[PDB]
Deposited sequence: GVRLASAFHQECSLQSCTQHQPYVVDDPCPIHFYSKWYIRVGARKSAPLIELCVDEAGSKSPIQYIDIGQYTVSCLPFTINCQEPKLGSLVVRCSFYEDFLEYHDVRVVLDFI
C-alpha cells in the first residue's frame, strides 16, 4: 500500500496516519528504492516532533518514509505503507 500526502516544502507538516483507524503505528526510513531495504525506526532537520508525529515537508535523503501498521500491539501481523509527498 501507498499514501500520497500534500504539504508545503521545507515547512512543518503533521503527517496523516495512513494506517486504518485504531491501528498501531511504527515510523521508519528505508534505504534505497529496493523492496527489502533496512529500516531506520523513528521516534524510539527532518523530524520535528513525535507527539504528534510531525516532519519538515521534504523527502529524506537516503530513502522514503514508511509506516508499519498492525492490528495487534506487538505486531503479530503488520502491513507497511510508503508515504510519498508532493509539494503545494
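Note: segments 1-10, 55-69 of the deposited sequence have no C-alpha coordinates in the structure.
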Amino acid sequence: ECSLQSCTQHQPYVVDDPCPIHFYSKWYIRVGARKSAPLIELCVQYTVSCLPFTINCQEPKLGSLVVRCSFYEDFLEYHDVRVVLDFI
From here on, numbers count along this sequence of modelled residues.
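Annotation for 29, 55, 43, 51: 51 ranks highest, by Cα B-factor. When all modelled residues of the chain are sorted by CA temperature factor, residue 13 is found within the lowest third. In this PDB entry, residue 73 carries a Cα temperature factor that places it within the middle third of its chain's modelled residues. Among the modelled residues of its chain, residue 7 has a C-alpha B-factor that falls in the middle third, as given in the PDB entry.
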